[PDB]
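Novice:
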Amino acid sequence: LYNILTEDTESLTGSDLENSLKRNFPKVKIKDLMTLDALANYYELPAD
Amino acid sequence: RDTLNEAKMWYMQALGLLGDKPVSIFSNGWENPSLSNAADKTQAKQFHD
Amino acid sequence: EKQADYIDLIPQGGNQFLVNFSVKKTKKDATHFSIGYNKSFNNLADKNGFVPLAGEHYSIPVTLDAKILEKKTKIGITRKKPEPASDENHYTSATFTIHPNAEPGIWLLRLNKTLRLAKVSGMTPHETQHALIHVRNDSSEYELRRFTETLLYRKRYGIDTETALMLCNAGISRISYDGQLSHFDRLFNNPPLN
Amino acid sequence: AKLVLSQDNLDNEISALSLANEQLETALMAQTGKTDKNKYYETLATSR
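Protein chains in written order, with PDB author numbering: chain A, 244 to 291; chain B, 1841 to 1889; chain C, 340 to 533; chain D, 147 to 194.
(1) Only counting the same chain, and skipping five residues up and downstream in sequence, which positions put a Cβ closer than 7 Å to that of C/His371?
(2) Could you name the residues of chain C that A/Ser263 contacts, counting a contact when the two beta carbons are closer than 8 Å?
(3) For C/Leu532, which of helix, strand or coil comes out of DSSP?
(4) Of all the residues that make up the stretch 451–472 of chain C, which are near chain A by a beta-carbon distance shorter than 8 Å?
(5) What does the alpha-carbon distance come out to for the pair D/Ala176 and D/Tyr186?
(6) Secondary structure at C/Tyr376, three-state DSSP: helix, strand or coil?
(7) Three or more C-beta pairs closer than 8 Å, one from the stretch 456–464 of chain C and one from the stretch 402–412 of chain C: is that the case here?
(8) What does DSSP give as the partner residues of C/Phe356 in its beta bridges?
(9) Just verifying my parser: in three-state terms, what is the DSSP assignment at C/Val459?
(10) Mind pulling the chain C residues with CB within less than 7 Å of A/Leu260?
(11) Going by the DSSP bridge assignment, what does A/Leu288 pair with across the sheet?
(12) Of the choices C/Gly415, C/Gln519 and C/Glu501, whose alpha-carbon is the least far from that of C/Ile511?
(13) Straight-line CA distance for C/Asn508 to C/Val390?
(14) Please report how far the alpha carbon of D/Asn158 lies from the alpha carbon of B/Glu1871, in whole angstroms.
(15) Closest by CA to residue 302 of chain C, which one among C/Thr436, C/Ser398, C/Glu427 and C/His429?
(16) State the start and end residues of the unbroken alpha helix (DSSP H) segment that holds C/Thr467.
(17) Output needed in chain order: residues of the stretch 508–529 of chain C with a Cβ under 9 Å from some Cβ in chain D.
(18) In terms of DSSP beta bridges, what is C/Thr434 paired with?
(19) Output the boundary residues of the alpha helix (DSSP H) element that contains C/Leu490.
(20) For C/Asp347, write down the residues that DSSP places opposite it in a beta bridge.
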């Protein structure tokens, strides 16, 4: 989790951002995750 | 113990009946209008028309 | 060009906006400064009788329309020279073009970070973001370090998250947070002396 | 007519007496013509 939270995601573009999304979301599809209920169920946090 | 399992059963049935809790939007098209801009007669006439 | 300020359009929502800025040199001439539009029109708000200060974070609410924002629209700010002021002061401007359905990844990555952090540190996701200190050069390592230091200084000393943040080298927030009194105001103007 | 129906107006608690005093001040200073509050109270300190 520390390796996750220390990456420099801000100011990261190009194919490197593609790499980083494929690394940090290996199994979920980002568009299917976009919605609020999906975000609440992925991170097991309350929707409100 | 068994009655507690039964109680969880009845509550789960009621939940399945209710469905999925409706999420309450807060980032919505609600600007923060003034009272005079919210209490127009044109605002009611256009609606009812 | 050399050094003037940074300007930001903060979209509150539909037809609601905000302008934040910090004019660098604030010592020449300033009386009821102005806000320009399309680089040549629409003095938006000329109402403040104060002078902006050096390196100071300001915020002025402004109402625009998303239509003109759809195209390149140069909004400017004019620190008004006393009697005449149209462009002949040290003028500053900036454009803001909007085009939806683009670039979903880098914001969702920061959201991944902040949601993991909220879930793990037990504080709410709004608290974990409000208690995250962000600078234009702030690396993510130093950002997480500031967050963890805040959690530590909250563990020992048993203090509030706001007091821990102030202990973590955080500025005084002029803006009213959480529908409550701002730190600046509950500090100095509660109730204003005399 | 200028009152904005916002969630912060609906929720945030203010002191009722402070609101009465604001209502009186905005009229008394409109009468006097002075916009400074402190200058107005200074004139208020000697008047009978």
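For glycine and all other residues, C-beta sits at the position ideal for the given N, C-alpha and C.
Specialist: For this structure:
(1) Here residue 371 of chain C refers to the residue found at position 32 when the third sequence is read from its first residue. Taken in chain order, the residues that qualify are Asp385, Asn387, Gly388 and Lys419.
(2) Here the question's residue 263 of chain A lines up with position 20 in the first sequence. In chain order: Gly444 and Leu448.
(3) Taking the first residue of the third sequence as position 1, residue 532 of chain C is located at position 193. Of the three classes helix, strand and coil, the one that applies to C/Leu532 here is coil, per DSSP.
(4) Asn451, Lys452, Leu454, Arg455, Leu456, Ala457, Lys458, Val459 and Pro464
(5) As a working mapping, residue 176 of chain D is identified with position 30 in the fourth sequence. As a working mapping, residue 186 of chain D is identified with position 40 in the fourth sequence. Spanning the two alpha carbons is a distance of roughly 11 Å.
(6) Counted from its first residue, the third sequence places residue 376 of chain C at position 37. Strand.
(7) no
(8) Translated into positions along the third sequence, residue 356 of chain C becomes position 17. For C/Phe356, which the question treats as bridged, DSSP gives the partners C/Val401.
(9) By one-based count along the third sequence, residue 459 of chain C stands at place 120. It is helical.
(10) For the purposes of this step, residue 260 of chain A is taken as the residue at position 17 of the first sequence. The answer, in chain order, is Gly444 and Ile445.
(11) Sequence index remark: in the first sequence, residue 288 of chain A carries index 45 (1-based). The partner list for A/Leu288 (beta bridge, DSSP) is empty, contrary to what the question assumes.
(12) Position 172 of the third sequence, counting from 1, holds the residue named residue 511 of chain C. When only C-alpha atoms are compared, the closest one is C/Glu501.
(13) By 1-based counting over the third sequence, the position of residue 508 of chain C is 169. By 1-based counting over the third sequence, the position of residue 390 of chain C is 51. Answer to the nearest angstrom: the Cα atoms are 27 Å apart.
(14) Indexing the fourth sequence from 1 puts residue 158 of chain D at position 12. Indexing the second sequence from 1 puts residue 1871 of chain B at position 31. Rounded to whole angstroms, D/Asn158 to B/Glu1871 spans 18 Å at the Cα level.
(15) No answer is possible for residue 302 of chain C: it lies beyond the span of chain C, which begins at 340 and ends at 533.
(16) For the purposes of this step, residue 467 of chain C is taken as residue 128 along the third sequence, with counting starting at 1. Segment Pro464 to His469, the alpha helix (DSSP H) holding C/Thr467.
(17) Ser515, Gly518 and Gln519
(18) Sequence index remark: in the third sequence, residue 434 of chain C carries index 95 (1-based). BP columns for C/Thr434 point to C/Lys413.
(19) By one-based count along the third sequence, residue 490 of chain C stands at place 151. That run of the alpha helix (DSSP H) goes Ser479 to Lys494.
(20) Sequence index remark: in the third sequence, residue 347 of chain C carries index 8 (1-based). C/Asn359, per the DSSP bridge assignment.
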